[PDB]
Structures are given as C-alpha cells and as structure tokens.
Amino acid sequence: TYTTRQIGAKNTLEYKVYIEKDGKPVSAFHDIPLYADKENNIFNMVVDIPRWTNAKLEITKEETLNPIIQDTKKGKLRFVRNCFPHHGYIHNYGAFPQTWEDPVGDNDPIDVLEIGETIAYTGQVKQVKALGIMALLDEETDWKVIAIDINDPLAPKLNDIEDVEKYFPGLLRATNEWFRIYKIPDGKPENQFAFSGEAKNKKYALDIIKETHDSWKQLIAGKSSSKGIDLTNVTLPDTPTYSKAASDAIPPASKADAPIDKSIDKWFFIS
Amino acid sequence: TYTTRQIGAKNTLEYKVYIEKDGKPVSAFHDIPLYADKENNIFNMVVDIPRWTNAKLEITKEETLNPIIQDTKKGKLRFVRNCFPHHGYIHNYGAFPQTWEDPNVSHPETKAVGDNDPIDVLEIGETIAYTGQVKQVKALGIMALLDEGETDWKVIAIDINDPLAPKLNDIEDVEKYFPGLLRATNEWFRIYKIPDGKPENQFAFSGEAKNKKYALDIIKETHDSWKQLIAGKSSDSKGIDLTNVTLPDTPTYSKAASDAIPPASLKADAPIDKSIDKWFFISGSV
Ligand SMILES: [Mg+2]
Ligand SMILES: [Mg+2]
Ligand SMILES: [Mg+2]
Ligand SMILES: [Mg+2]
C-alpha cells in the first residue's frame, strides 16, 4: 500500500512529500515500479500537482529518497500563474517513476498529464494508461505523455489519442496553448512544440516511455555517464546505492497549509 | 464595518452566513445600502461565490435577515458543475442589495418576467473574494441574460480597490484589459446548467454587453422595484422575508430581529463529493 508522508506546511520552503510503502519512506524516483501491469502497459504515475492548483511541486532529484517539494528560483517559491481562460494547471500533473530523460533529454523523469475527472493529490501513486504524447521544446526536449487513470469512468472507452478528441474536445488545443504561454507571465518566452503541436499516438508514446525506462535502468545501476542526482533507494537490493537506513532517517509527518500570496489569484490575459 | 457571522461548516446543509454591522446581523437583502457613494455611482456588492468555486451560495430571500445559504435541488446541496474550459464560476459572483428583478411584470427589453432575485453582479477584479464580503464596486456594463426564460441581467463590475480600477470606466475598457472575458461570460451563462439537464440559456441583444449608462438605468429600475417591495406594495412579494433593522419607514422594520440570530459557530469546510471535480465537455468534437 502506497501512502504519503508530509513534512512541514504546504506552500512553504520546508514542505516535502515522501511516498511510503506500508508505512516506510521510499524513493519517488527509484522505488516505485514504472509498471503496475507490464503486459497491459499499465503505468504507475507519481502525481505532483492537482488540477487547478498553482504551486509548482516536483520530485527533487538531488535530495535523498527524492521527495516532492516546491520549486524555487533564487530562494522564492514558484507558483505558475493563471493564464486566461485557464486556472492553474489544467491537468493532474506528474511523472513516471523509474524513467529519466538522459541528457536533447531534459534531465527529468518523463512528464505525465493525467486527464481524468477526479482531482489528484500530491504524492499519489495512481495507475494510468497512456493515450498519446506531445513534444514540447521548453528552452530542450520535454515530452508530455497524455494519460488517464484506469479507475476513471471513461477509461474503458479511451485507448488511443483520437479518443481524447471524442470525449474531451478542445483539451488538446488547451494543452497546446497552456504549454506555449504558461511562463509568459514570468517574463519567459513562448514555448514551441515539435510536429506542429500534434499529439502522437499511443504506440509512439510507449516507444518514448520505454526508452526513458532503459536510461533509468542504467542510471540506478551506476552505469550512466548522474551528478546532482541522489540514487539512494530502499527496494533495489543489488544497486550500489541501496540503503534501507535512508527510509528510517526521514522525519515523521508534520501542518495546516500556509496562506498563498493573493497575487497568485491574478488572471493574466496573454492567450 | 461589515463582517460575517458563519454558522456551521461550509459545504453542508447547516451552513449560513449572516452579514453583520457592529457585530450584529443585518438583512443582506434589505439593510446594506445599494450605494456606497451615490454621487459617484459606487455600489455595495454582496459577494456570494468566490471565483473558481462551485457551491451555489446565495442570499436566502425567504429567511429572516436573508443569510447566505447553499442552494439545494430537490434537497441536495447544489454545486455548479465545471464546464470546459471553465473552472466553477469565472467571476466573483454576487448581488446588489436593495434590488429586485420584478417577477410580476414583463420587462420590455427581454419580454420576460424577472427572476425574483436581486440583480446579479459579475465582479471581474484580480483578487478572489469571500462569501458575505461587502465590497465597493463600479459598474462597467450589463448583459441581458434570459435564465430559463426569465429576465436575469448580469452587471459587469470591478472592485474599486483593484489595481486596474482607475483604467476601467466603461464596457469597452473590459475588452481592452480583459480580452476574451466578455465572450467567455456569454458562453458560461449559456451553458452552465447543461450538466444539470437544463436547456442552453439565451441572451437578448445577441449577447451584447451594453454600456455603463445602460447598466445604471437597469440598476435604477431594479432598485425601484425593491422600494415597492420593501414598502409592502408589491402585487406579489413571493413569500420574501421583508424583516429589516435599518429602514424605519417600512412596515417590517424591527431593530431587535438582530438579537434573535444564533451566535457564530464556525467549523472547518466540509469535504465536497469528488463528483464536483468533473470537467464537462459540452460539444466541439470532430
Ligand atoms: Mg523546471
Ligand atoms: Mg520533462
Ligand atoms: Mg436560482
Ligand atoms: Mg438572477
């Protein structure tokens, strides 16, 4: 059973979320299997960001057991701004564990947009099916897997990218727009997509996902060209960086959400 | 100074919010002056629903001192559903006090009777408001919604404290500083009850947002309707509670109605059913 352990108050520099297996902290990057069911390509997704929230939460590669923390720039917490007509993130946003875009590879687990009805929670491990994939150029190659929770009411009817057009008309357009503009309020440029923004299909997506799993397998085995990245894990006994003690060194669960500055409410008109 | 008195937990049937002056409840319908500053057309807006929320909190016309309570549909809490690409209400949503969309006459602009509520207000500023807030706003324009066939004007307004308020003086300025918002507003009020099983709404004037001058005229009309109502002179007051603590010349004035209200019993927000998360796609598929 996977649960979460929260350190500190949400929306602070101290906040961290660790994933627990049967009460014990594990690495969110290394210890969660990529596959929940390999034969049927059911993936475990680590969720970072609930739909319609702003705090830019991510698995941090450089801290032991790779907790989810809030991104910062020059000591300030990062919140993605509201870009009309969007509110915060328009997907449940997360990553596939045991993946790594080996760096042009973007130096992180592959990103996952989960499109189901239920709003997810930070540190949630859900099981998803891949429907397709888009290639954002952010600055670097930054694939976005389009996926759905297998528990979603619609999941049996969604198997490939054309089903997203059928059941979620306009979501692909919104996704294109969102990733193009979302850093414009921060004073960064518009992003660009390869393939004129087209979402490639499931088959194409599985190929890209497999590749990044293979890179991570070389990473965790200590055979990568890995500076900055903590490879401590507590479930892979034959890896150089296995250390069960790491799980025990994590502090106990901590607080109520800290307030978010009212500026984050603002709706920006840059569409 | 206006404050709130909360009874119970948000997102429950027991939740009530009374507006207080001097720490004592007043009628949110009748006792808050329409004008904060009549000479400069600055209005008091009672906020019901914060931007990007769902719970359909509204002034309760039939309850003494008209606290804000969550609407119910056949006994269950009513939450407005998320209609793609929108998240809940896309404005701070509330009402002008001391107004009424008169349900007893056909309004000539729409050829329909009024919806029986205070005139509705869409406050477009950056800061997300809170339920029971009384804020001061300027009117910028107005749209003529037919809500299930009833006259249901929507005033477009801005908090006077918004950083942009000095630059927003008429409806054209909304398109300049908030491009796309009026078009989204038209869509939102057309489609928002489709997930409830209701038909699409329609607007008069092909959804044009009429200007500030037009808005002031309609707001005046609704204030005049309310004056008749509160004086006990409506042909049909629809069982509206007319109890008030500030209008001595009205038949239902009662300063002590305030004393009878229970004290605050604020509890933490109750959880909302995960169904309310759902994003509804109403058309546009290839
Ligand atoms: Mg980043
Ligand atoms: Mg990436
Ligand atoms: Mg109603
Ligand atoms: Mg109305």
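The analysis underlying the following values was restricted to heavy atoms, covering all of them including side chains, and did not include hydrogens, waters or symmetry mates. Note on naming: letters A, B, ... go to the chains in the order of the sequence lines (proteins, then strands), and numbering restarts at 1 for each one.
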With a 6.0 Å cut-off (strictly less than), is the heavy-atom count around NZ of B:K73, excluding the residue itself, greater than 12? yes
Interface moiety of B:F84 toward chain A, non-hydrogen atoms closer than 4.5 Å: side chain
Flag the one option from A:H87, A:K266, A:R51 with the top tally of heavy-atom pairs under 4.5 Å to chain B. A:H87
Only heavy atoms, only distances under 4.5 angstrom. Which residues in residues 144-153 of chain A are near chain B? none
Inspect the surroundings of CD in B:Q202 and state if more than 12 heavy atoms from other residues, nucleotides or ligands are less than 6.0 Å away. no
Go through B:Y177, B:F281, B:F178 and name the one with the most non-hydrogen pairs under 4.5 angstrom from chain A. B:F281
Should we say atom NZ of A:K56 is surrounded by more than 12 heavy atoms from elsewhere, each under 6.0 Å from it? yes
Side chain / backbone / both / neither for B:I282 at chain A, heavy atoms under 4.5 Å: neither
Residue pairs involving residues 192-201 of chain B (criterion salt bridge (charged side-chain N to carboxylate O under 4.0 Å, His left out); sequence neighbours excluded): B:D147-B:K193, B:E148-B:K193, B:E148-B:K198, B:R190-B:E200
What part of A:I115 gets closer than 4.5 Å to chain B, counting heavy atoms only: side chain, backbone, both or neither? neither
Hey, what do you get for CZ (B:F280) to CD (A:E117), rounding to the nearest 0.5 Å? 7.5 Å
Could you state the interatomic distance from CG (B:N82) to CD1 (A:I119), rounded to the nearest 0.5 Å? 7.0 Å
So, for A:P169 and B:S283, which heavy atoms are closest and what is the spacing to 0.1 Å? CG-O, 3.3 Å
Reported CH2-to-CG distance for the pair B:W279 and A:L171, which is rounded to 0.5 angstrom: 6.5 Å
Side chain of B:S285, backbone of A:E165: donor and acceptor closer than 3.5 Å? yes
Heavy-atom neighbours of A:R78 CZ exceed 12 at 6.0 Å: yes
